[PDB]
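S.K.: Sharing a structure with you now.
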Amino acid sequence: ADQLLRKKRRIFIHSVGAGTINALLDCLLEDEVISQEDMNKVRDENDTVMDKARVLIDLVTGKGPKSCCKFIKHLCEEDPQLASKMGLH
């Protein structure tokens, strides 16, 4: 009963703008949910957003559903448009 990202993996990934990503991953660090190890994963910059997203959305969920909370929240303030399909409440 906790796999929002998973199902919504096709949405966030095929929508999130290269911009929000920079502002999103930045917020994560603030909470210190990730680690210099993961932070490096994304920084590596693979290719098109489709790639930089798949890793960002994944790395989060990896840290358990406890992160999903701050994620959906930070995203709401960063993007109210996309957050629409993720603005459950």
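If you're wondering about the labels, chains in the structure tokens are A, B, ... by order shown, residues count from 1 in each chain, ligands from 1 in order shown.
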Looking only at helix (DSSP H, G or I) from DSSP on the backbone, list the matching residues of chain A as a count of residues only.
M.R.: 64
S.K.: Neighbours of residue 39 in chain A within 10 Å (only C-alpha atoms; same-chain residues fewer than 4 positions away dropped), as number ranges by chain?
M.R.: A: 25-26, 28-29, 34-35, 43-44, 56, 59
S.K.: Restrict the selected residues to C-alpha atoms and save them as a PDB file, in the first residue's frame.
M.R.:
ATOM      1  CA  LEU A  25      17.060  17.270  -6.335  1.00  0.00           C
ATOM      2  CA  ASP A  26      18.326  20.413  -4.622  1.00  0.00           C
ATOM      3  CA  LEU A  28      16.168  16.607  -1.349  1.00  0.00           C
ATOM      4  CA  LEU A  29      19.690  17.457  -0.194  1.00  0.00           C
ATOM      5  CA  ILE A  34      19.915  11.005   0.018  1.00  0.00           C
ATOM      6  CA  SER A  35      23.731  10.614   0.297  1.00  0.00           C
ATOM      7  CA  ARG A  43      24.900  14.644 -11.084  1.00  0.00           C
ATOM      8  CA  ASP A  44      26.550  12.180 -13.460  1.00  0.00           C
ATOM      9  CA  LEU A  56      15.888  10.848  -9.678  1.00  0.00           C
ATOM     10  CA  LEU A  59      16.740   7.050  -5.996  1.00  0.00           C
TER      11      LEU A  59
END
S.K.: Counting only C-alpha atoms, what is within 10 Å of residue 65 in chain A, bar same-chain residues fewer than 6 positions away, as an mmCIF file with N, CA and C atoms, in the first residue's frame?
M.R.:
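File part-v6.cif, as written:
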data_model
loop_
_atom_site.group_PDB
_atom_site.id
_atom_site.type_symbol
_atom_site.label_atom_id
_atom_site.label_comp_id
_atom_site.auth_asym_id
_atom_site.auth_seq_id
_atom_site.Cartn_x
_atom_site.Cartn_y
_atom_site.Cartn_z
ATOM 1 N N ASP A 2 1.955 1.224 -0.753
ATOM 2 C CA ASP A 2 2.859 2.366 -0.842
ATOM 3 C C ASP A 2 3.771 2.246 -2.058
ATOM 4 N N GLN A 3 3.266 2.681 -3.209
ATOM 5 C CA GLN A 3 4.022 2.634 -4.461
ATOM 6 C C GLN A 3 3.512 3.700 -5.421
ATOM 7 N N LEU A 4 3.300 4.903 -4.898
ATOM 8 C CA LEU A 4 2.804 6.009 -5.706
ATOM 9 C C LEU A 4 3.709 6.232 -6.928
ATOM 10 N N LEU A 5 4.986 6.515 -6.669
ATOM 11 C CA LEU A 5 5.951 6.753 -7.739
ATOM 12 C C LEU A 5 5.865 5.665 -8.805
ATOM 13 N N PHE A 71 8.911 14.538 -1.179
ATOM 14 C CA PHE A 71 8.978 14.615 -2.634
ATOM 15 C C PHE A 71 7.721 15.259 -3.212
#
S.K.: For residue 83 in chain A, please output as a PDB file with C-alpha atoms, in the first residue's frame all residues within 12 Å (counting only C-alpha atoms; exclusion window: fewer than 2 positions along the same chain).
M.R.:
ATOM      1  CA  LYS A   8       3.152   7.322 -11.431  1.00  0.00           C
ATOM      2  CA  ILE A  11       3.820  10.426 -15.560  1.00  0.00           C
ATOM      3  CA  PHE A  12       6.518  12.257 -13.587  1.00  0.00           C
ATOM      4  CA  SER A  15       6.559  15.344 -17.989  1.00  0.00           C
ATOM      5  CA  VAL A  16       8.978  16.712 -15.386  1.00  0.00           C
ATOM      6  CA  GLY A  17      10.826  19.637 -16.956  1.00  0.00           C
ATOM      7  CA  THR A  20      12.004  21.369 -11.873  1.00  0.00           C
ATOM      8  CA  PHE A  71       8.978  14.615  -2.634  1.00  0.00           C
ATOM      9  CA  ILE A  72       5.312  15.112  -3.522  1.00  0.00           C
ATOM     10  CA  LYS A  73       5.315  18.180  -1.271  1.00  0.00           C
ATOM     11  CA  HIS A  74       8.386  19.929  -2.678  1.00  0.00           C
ATOM     12  CA  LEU A  75       7.184  19.088  -6.187  1.00  0.00           C
ATOM     13  CA  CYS A  76       3.823  20.759  -5.547  1.00  0.00           C
ATOM     14  CA  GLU A  77       5.469  24.119  -4.830  1.00  0.00           C
ATOM     15  CA  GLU A  78       8.006  23.646  -7.652  1.00  0.00           C
ATOM     16  CA  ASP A  79       5.385  22.710 -10.278  1.00  0.00           C
ATOM     17  CA  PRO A  80       1.565  23.069  -9.701  1.00  0.00           C
ATOM     18  CA  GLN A  81       0.851  21.904 -13.256  1.00  0.00           C
ATOM     19  CA  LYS A  85      -1.718  14.443 -11.537  1.00  0.00           C
ATOM     20  CA  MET A  86       0.127  13.993  -8.211  1.00  0.00           C
ATOM     21  CA  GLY A  87      -1.811  16.513  -6.107  1.00  0.00           C
ATOM     22  CA  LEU A  88      -3.950  13.766  -4.561  1.00  0.00           C
ATOM     23  CA  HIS A  89      -4.554  16.298  -1.781  1.00  0.00           C
TER      24      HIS A  89
END
S.K.: Between CA of residue 50 in chain A and CA of residue 27 in chain A, what is the distance, to one decimal in Å?
M.R.: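 We find that CA of residue 50 in chain A and CA of residue 27 in chain A lie 20.0 Å from each other.
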S.K.: Nearest residue to residue 14 in chain A out of A:48, A:61, A:40, A:84, using only C-alpha atoms?
M.R.: A:48
S.K.: What is the CA of residue 19 in chain A to CA of residue 57 in chain A distance in Å?
M.R.: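 Between CA of residue 19 in chain A and CA of residue 57 in chain A the gap is 14.6 Å.
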S.K.: Using only C-alpha atoms, find the one residue out of A:21, A:31, A:36, A:55 that sits nearest to residue 70 in chain A.
M.R.: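 Distance minimum relative to residue 70 in chain A lands on A:31.
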S.K.: Tell me which of A:82, A:18, A:1, A:60 sits closest to residue 47 in chain A, counting only C-alpha atoms.
M.R.: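 Closest candidate: A:18.
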S.K.: Hey, which of A:68, A:23, A:63, A:7 ends up closest to residue 38 in chain A? Count only C-alpha atoms.
M.R.: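 That would be A:63, the residue with the smallest distance to residue 38 in chain A.
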S.K.: Looking at A:64, A:58, A:53, A:69, which one is nearest to residue 13 in chain A, with distances taken over only C-alpha atoms?
M.R.: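 The closest residue to residue 13 in chain A is A:53.
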